[PDB]
Number of protein chains: 2
Amino acid sequence: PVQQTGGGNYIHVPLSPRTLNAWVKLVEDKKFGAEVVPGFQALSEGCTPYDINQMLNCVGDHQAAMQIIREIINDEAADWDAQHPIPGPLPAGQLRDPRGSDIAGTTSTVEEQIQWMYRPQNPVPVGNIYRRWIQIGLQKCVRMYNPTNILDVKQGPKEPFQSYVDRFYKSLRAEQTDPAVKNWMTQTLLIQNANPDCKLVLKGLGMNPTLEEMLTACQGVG
Amino acid sequence: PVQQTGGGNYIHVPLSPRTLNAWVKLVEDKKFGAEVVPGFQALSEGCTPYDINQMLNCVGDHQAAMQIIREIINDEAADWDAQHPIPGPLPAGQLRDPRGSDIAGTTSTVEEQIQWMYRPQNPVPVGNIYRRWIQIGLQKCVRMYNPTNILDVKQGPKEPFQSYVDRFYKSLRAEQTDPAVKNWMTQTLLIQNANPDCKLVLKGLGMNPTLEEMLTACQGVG
Ligand SMILES: O=P(O)(O)O[C@H]1[C@H](OP(=O)(O)O)[C@@H](OP(=O)(O)O)[C@H](OP(=O)(O)O)[C@@H](OP(=O)(O)O)[C@H]1OP(=O)(O)O
């Protein structure tokens with residue numbers, strides 16, 4: 001992370017060992033589950049690219065997922081090296097502008113990452129861009145390791161409607177389908193895959209029942 | 001039918017044999033079913049009374065129904081001979097105005113029917129008036145031969161709600177009851193005679209559910 005010091009300059013404070021150990025624990029227990037994507041973001045907040053590399057280096061043993069996060073990073077960096085091209089011959093005595101690889105931290109020092117992150121002129125938020133690239137990689141890992149598909153989720157005959165709602169929305173988090181497909185699933189598939197009685201109360205509510213109206217109506221049905 | 005020819009005058013083109021044979025087929029297969037009433041209208045469009053008589057003469061063997069269509073025609077002609085009385089002594093060299101019997105074509109030539117149908121002054125649409133009289137006769141035949149009464153129609157335990165709706169409305173077409181009785185049947189009897197589950201979803205919808213709302217709610221119930 002970065003702390004400001006007297007003179008208006010900034011320095012690097014290494015991520016706490018227990019901040020790194022929390023990340024490890026999460027990846028070892030949730031197995032790249034939907035929750036890992038937000039868990040990574042909260043534990044990587046205010047981090048330079050250098051620190052994000054260490055967090056990944058602490059969870060490298062999960063090689064399959066790391067290979068997926070690594071192929072997504074290279075592509076989001078290539079797109080940065082195509083749409084943010086070298087401006088031209090950089091003047092001497094000046095830091096080069098960041099390339100996709102600098103945003104990652106692989107070809108750049110943490111100080112360079114800090115100089116960009118806090119440029120008085122055109123600050124480049126290299127830490128947040130790289131966290132966004134890794135979140136695309138982790139979300140692809142959440143989908144690949146997702147244990148139950150949205151379609152398979154079906155309310156148990158006795159299962160309370162809210163727990164069936166809880167499992168239905170958790171699988172939808174993994175789904176990478178178009179947002180309209182997500183809206184049609186929450187409005188059509190969720191009434192389609194409910195136990196016989198809850199299905200009669202939901203159809204009873206009428207057309208386009210909101211989730212609050214559906215949860216309120218099926219509370220204690222079954 | 002009637003075609004216009006050079007000089008501004010009109011002539012008669014005999015109904016096609018296959019237009020007449022379609023009519024026969026329909027009456028022989030639908031057995032004066034609700035569908036016969038519209039089927040007659042489409043196959044009698046732009047016909048003089050003379051042609052409508054031939055269509056009836058092609059389906060005379062159905063004597064019982066023909067006797068009903070014939071008693072309705074005589075009464076709709078008597079009402080025309082009472083409310084459209086002979087104006088008075090007709091001038092010589094002029095076509096007499098049409099009487100109920102002329103509208104039928106029984107006491108009138110097709111040319112007279114055409115002269116009225118296309119009078120430059122007060123054209124009388126004898127072909128359409130007679131088609132309307134026969135439709136009253138066929139509709140009475142649809143009701144007399146109707147196999148299932150609106151009340152008897154009751155959704156099967158597994159029957160999809162739409163098929164029960166299809167049979168319920170087909171019997172209502174035969175019903176000659178006041179329109180309010182028709183509106184109360186479609187809004188009350190249709191929910192009353194549905195299988196136990198669909199009846200619970202329809203009551204669930206609330207008061208005065210539209211048919212679209214009822215079909216949408218019971219789709220896939222049972
Ligand atoms: O009504 P018909 O006396 O039996 O004649 C019909 C009629 O032709 P006309 O319009 O000249 O009367 C058909 O037209 P429609 O009345 O059905 O619209 C036409 O068929 P098209 O729709 O293609 O015009 C068909 O001609 P064909 O079946 O040879 O294609 C022809 O029937 P016939 O000549 O066989 O008697």
# chains A, B, ... in the order shown; residues from 1 in each chain; ligands from 1
>>> interface_residues(of="chain B", to="chain A", cutoff="9 Å", atoms="only C-alpha atoms", output="list in words")
residues 197, 198, 200, 201, 202, 203, 204, 205, 206, 213, 216, 217, 218 and 221 of chain B
>>> residues_near_ligand(ligand="ligand 1", cutoff="8 Å", atoms="only C-alpha atoms and all ligand atoms", output="PyMOL selection string")
chain B and resi 15-19
>>> atom_distance(atom1="CA of residue 133 in chain A", atom2="CA of residue 77 in chain A")
8.5 Å
>>> residues_around(residues="range 60-68 of chain B", least_positions_apart="5", cutoff="9 Å", atoms="only C-alpha atoms", output="PyMOL selection string")
chain B and resi 27-28+32+55+73+137-138+140-141+144
>>> select_by_dssp(residues="range 8-190 of chain B", states="helix (DSSP H, G or I)", output="ChimeraX atom specification")
/B:17-29,36-43,49-58,63-83,100-104,110-117,126-145,161-174,179-190
>>> residues_around(residues="range 85-98 of chain B", least_positions_apart="4", cutoff="9 Å", atoms="only C-alpha atoms", output="PDB file with N, CA, C and O atoms, in the first residue's frame")
ATOM      1  N   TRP B  80     -89.912  -7.356 -43.540  1.00  0.00           N
ATOM      2  CA  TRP B  80     -89.483  -6.433 -44.624  1.00  0.00           C
ATOM      3  C   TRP B  80     -90.712  -5.970 -45.408  1.00  0.00           C
ATOM      4  O   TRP B  80     -90.681  -4.845 -45.925  1.00  0.00           O
ATOM      5  N   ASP B  81     -91.755  -6.796 -45.483  1.00  0.00           N
ATOM      6  CA  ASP B  81     -92.985  -6.480 -46.255  1.00  0.00           C
ATOM      7  C   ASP B  81     -93.935  -5.660 -45.378  1.00  0.00           C
ATOM      8  O   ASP B  81     -94.983  -5.236 -45.906  1.00  0.00           O
ATOM      9  N   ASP B 102     -88.516 -10.809 -52.977  1.00  0.00           N
ATOM     10  CA  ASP B 102     -87.518 -10.376 -53.994  1.00  0.00           C
ATOM     11  C   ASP B 102     -86.119 -10.445 -53.378  1.00  0.00           C
ATOM     12  O   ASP B 102     -85.185 -10.874 -54.074  1.00  0.00           O
ATOM     13  N   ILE B 103     -85.967 -10.028 -52.120  1.00  0.00           N
ATOM     14  CA  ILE B 103     -84.655 -10.076 -51.413  1.00  0.00           C
ATOM     15  C   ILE B 103     -84.171 -11.523 -51.417  1.00  0.00           C
ATOM     16  O   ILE B 103     -82.957 -11.729 -51.568  1.00  0.00           O
ATOM     17  N   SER B 108     -88.132 -13.167 -57.967  1.00  0.00           N
ATOM     18  CA  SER B 108     -87.413 -12.097 -58.703  1.00  0.00           C
ATOM     19  C   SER B 108     -86.278 -12.673 -59.554  1.00  0.00           C
ATOM     20  O   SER B 108     -85.670 -13.672 -59.129  1.00  0.00           O
ATOM     21  N   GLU B 112     -82.991  -8.327 -61.848  1.00  0.00           N
ATOM     22  CA  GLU B 112     -83.707  -7.388 -60.947  1.00  0.00           C
ATOM     23  C   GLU B 112     -82.886  -7.233 -59.669  1.00  0.00           C
ATOM     24  O   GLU B 112     -82.707  -6.086 -59.216  1.00  0.00           O
ATOM     25  N   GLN B 113     -82.395  -8.350 -59.130  1.00  0.00           N
ATOM     26  CA  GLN B 113     -81.555  -8.318 -57.906  1.00  0.00           C
ATOM     27  C   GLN B 113     -80.333  -7.438 -58.184  1.00  0.00           C
ATOM     28  O   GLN B 113     -79.981  -6.632 -57.303  1.00  0.00           O
ATOM     29  N   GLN B 115     -80.058  -4.994 -60.528  1.00  0.00           N
ATOM     30  CA  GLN B 115     -80.512  -3.602 -60.782  1.00  0.00           C
ATOM     31  C   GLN B 115     -80.673  -2.895 -59.438  1.00  0.00           C
ATOM     32  O   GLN B 115     -80.238  -1.737 -59.343  1.00  0.00           O
ATOM     33  N   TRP B 116     -81.232  -3.575 -58.434  1.00  0.00           N
ATOM     34  CA  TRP B 116     -81.397  -3.009 -57.072  1.00  0.00           C
ATOM     35  C   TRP B 116     -80.025  -2.891 -56.415  1.00  0.00           C
ATOM     36  O   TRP B 116     -79.675  -1.782 -55.987  1.00  0.00           O
ATOM     37  N   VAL B 124     -80.582  -1.127 -53.174  1.00  0.00           N
ATOM     38  CA  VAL B 124     -80.982  -2.043 -52.067  1.00  0.00           C
ATOM     39  C   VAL B 124     -80.026  -3.234 -52.128  1.00  0.00           C
ATOM     40  O   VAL B 124     -79.969  -3.877 -53.190  1.00  0.00           O
ATOM     41  N   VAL B 126     -79.783  -6.453 -51.721  1.00  0.00           N
ATOM     42  CA  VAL B 126     -80.641  -7.659 -51.534  1.00  0.00           C
ATOM     43  C   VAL B 126     -79.782  -8.877 -51.171  1.00  0.00           C
ATOM     44  O   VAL B 126     -80.226  -9.656 -50.335  1.00  0.00           O
TER      45      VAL B 126
END
>>> residues_around(residues="range 180-191 of chain B", least_positions_apart="2", cutoff="9 Å", atoms="only C-alpha atoms", output="PyMOL selection string")
chain B and resi 150-151+154+164-165+168-169+172+175-178+193-194+198-199+202-203+208-211
>>> decode(residues="range 154-166 of chain B", atoms="N, CA and C atoms", output="short mmCIF file (atom, residue, chain, number, x, y, z; two decimals), in the first residue's frame")
data_model
loop_
_atom_site.label_atom_id
_atom_site.label_comp_id
_atom_site.auth_asym_id
_atom_site.auth_seq_id
_atom_site.Cartn_x
_atom_site.Cartn_y
_atom_site.Cartn_z
N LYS B 154 -66.42 -28.75 -18.40
CA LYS B 154 -65.67 -28.70 -17.11
C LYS B 154 -64.23 -29.16 -17.37
N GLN B 155 -63.23 -28.38 -16.98
CA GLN B 155 -61.80 -28.69 -17.26
C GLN B 155 -61.45 -30.08 -16.74
N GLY B 156 -60.73 -30.87 -17.54
CA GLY B 156 -60.26 -32.20 -17.10
C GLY B 156 -59.18 -32.03 -16.06
N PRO B 157 -58.95 -33.00 -15.14
CA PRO B 157 -57.97 -32.81 -14.08
C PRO B 157 -56.60 -32.48 -14.66
N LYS B 158 -56.25 -33.07 -15.81
CA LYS B 158 -54.94 -32.84 -16.47
C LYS B 158 -55.07 -31.88 -17.64
N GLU B 159 -56.29 -31.63 -18.12
CA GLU B 159 -56.49 -30.80 -19.33
C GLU B 159 -55.81 -29.44 -19.13
N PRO B 160 -54.96 -28.97 -20.06
CA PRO B 160 -54.37 -27.63 -19.95
C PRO B 160 -55.48 -26.57 -19.90
N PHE B 161 -55.32 -25.52 -19.09
CA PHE B 161 -56.37 -24.48 -18.91
C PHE B 161 -56.80 -23.91 -20.26
N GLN B 162 -55.92 -23.78 -21.26
CA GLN B 162 -56.24 -23.13 -22.57
C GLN B 162 -57.21 -24.00 -23.38
N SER B 163 -57.05 -25.32 -23.34
CA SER B 163 -57.93 -26.27 -24.08
C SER B 163 -59.31 -26.23 -23.43
N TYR B 164 -59.37 -26.15 -22.10
CA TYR B 164 -60.65 -26.00 -21.37
C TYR B 164 -61.25 -24.66 -21.78
N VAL B 165 -60.42 -23.61 -21.93
CA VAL B 165 -60.87 -22.26 -22.40
C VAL B 165 -61.40 -22.42 -23.83
N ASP B 166 -60.72 -23.21 -24.67
CA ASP B 166 -61.09 -23.40 -26.10
C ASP B 166 -62.48 -24.04 -26.19
#
